[PDB]
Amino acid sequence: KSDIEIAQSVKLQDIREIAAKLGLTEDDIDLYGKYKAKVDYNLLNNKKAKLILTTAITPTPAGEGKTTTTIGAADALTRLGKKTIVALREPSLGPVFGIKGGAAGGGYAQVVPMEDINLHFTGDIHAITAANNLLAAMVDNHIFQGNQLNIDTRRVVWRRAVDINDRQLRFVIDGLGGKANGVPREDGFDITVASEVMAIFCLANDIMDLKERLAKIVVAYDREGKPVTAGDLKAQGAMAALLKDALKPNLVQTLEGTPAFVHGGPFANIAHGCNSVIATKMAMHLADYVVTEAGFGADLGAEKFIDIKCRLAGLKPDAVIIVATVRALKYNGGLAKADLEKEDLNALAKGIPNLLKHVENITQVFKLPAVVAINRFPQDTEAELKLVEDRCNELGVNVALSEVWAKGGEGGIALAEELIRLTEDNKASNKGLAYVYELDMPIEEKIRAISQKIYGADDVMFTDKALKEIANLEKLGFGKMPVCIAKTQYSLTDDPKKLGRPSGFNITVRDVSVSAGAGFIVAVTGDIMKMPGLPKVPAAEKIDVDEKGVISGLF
């Protein structure tokens, strides 16, 4: 019984009745069909919820069902009589046509309508694409019309975008055709959700902060090295006007009718891998418990959820879910696929340190309440689960068995109860929030602080190129903001083949740039794909529509 079969076999509730559960009326929402609606963001200036973060262990090529657990947890809280909202990211449209689409969640833990969310949804990503490309066209128009700001054509760092998996646009030359048609320069397209516009869209408090952030975008450098901004080009009003409706969070729902926001969807390497701040804040204003998540494992996603999103937005998670599976741990202990359906306590024993490292980071470094969610598969023996529970309990952390894939909200009551226990009226902590690094430190000491404390690196090495880039960013006033580290998700090191809990290793930063409007430094550790390619046989080939307009072949 497919995710698509499951999603189609369930009568969804009209979105006005889902909105009713949040005390929203016809006047608070803009409908986009029967099962989708945008919530006016002006509600946010007239108490707040407990915030739960769903993160996970180091990911495998397949998955650990993080998003599925994130949905399942919210459905469970709802059943226990808690007014709850699950907040998630919108997937980009590109992959749907290359390597198949997929569910928001899975099993009986989904957010729906599945088909619309995968396609145009409410048009957020299209608005973001238009804004990015307007900016680019305004940069080139300015150069063409006389280049008053003295932009060095070879130093425009702003890139164009489309939400299609198109390798042909990674490296291009545009502005050709003689003097009436542009001025030649090297350029390229990123997949829309990699644009700084998407990261900014997700870190904005409101429409005004969006506009002020957009204005700070560095689009190019002039001929003596000084940054030129979207503000210099007077683009920020037009971009924000283009993003006016998009920035209203999208209200949809779970298979059990828990209210749900789907909004924003940045990269989790070159950006912070979270859904939008405005949506998270909206959920906390309308509910008593909010469940959300961040991309990849807890070394990237949660680190950036806390040290970037929470920091700049002024939020604090009240508890963290660390998702794990017996399979993924045994893979981390070096068992190799196809050999993972059999019980192996030795292999599991060698995989647990990874989980423990992530639990240690959440409980000791970030100092947050935590529960471990094992997504129970059928072949998970009684001993294997007991083993995970014992090792976790020795750090003082509980394990909840999650069966939400198979049973929906009923399969995550134990997790939900633990989360209620963990967050029990004890907010306390006038302290504030524990971050990995402080803002006033130099860029290399933040990268070092993250690499050592979170990844468990001995140290971080820097190339001469990286070092020079850091120096010039310190000068230009960018030395006092969060640092986003772009590395592989499949390992705690920057070498993806190093599984388990690696030690006696370093990270190596090869490139450092600023997302000035987003408000963070991006530190790349090698190669980061910004535009995926279509396979030999794209999924598009088998996507069809019939006489009556029903789409087939997306899943």
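Residue positions are given as counts along the sequence shown, with the first one as 1.
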| field | residue 46 to residue 47: deposited residues without atomic coordinates | value | 1 to 3
| task | Would you determine, from the values in the PDB entry, which of 241 to 249 and 384 to 392 has the greater average C-alpha temperature factor? | result | 384 to 392
| task | Output the stretch having the higher mean C-alpha B factor in the entry; the candidates are 429 to 437 and 216 to 224. | result | 429 to 437
| query | Which has the highest CA B-factor per the PDB entry: 159, 465, 167, 120? | reply | 465
| remark: From 133, 147, 332, 275, the top C-alpha temperature factor is at 332
| Among the chain's modelled residues, which third holds the C-alpha B-factor of residue 535? | lowest
| query | Which third, lowest, middle or highest, does the CA B-factor of residue 177 fall in along this chain? | reply | lowest
| message | Split into thirds by Cα B-factor across the chain's modelled residues, where does residue 171 land: lowest, middle or highest? | response | lowest
| query | What third of the chain, by the recorded C-alpha B-factor, contains residue 234? | reply | middle
| task | Just say lowest, middle or highest third for the CA B-factor of residue 189 relative to the other modelled residues in its chain. | result | lowest
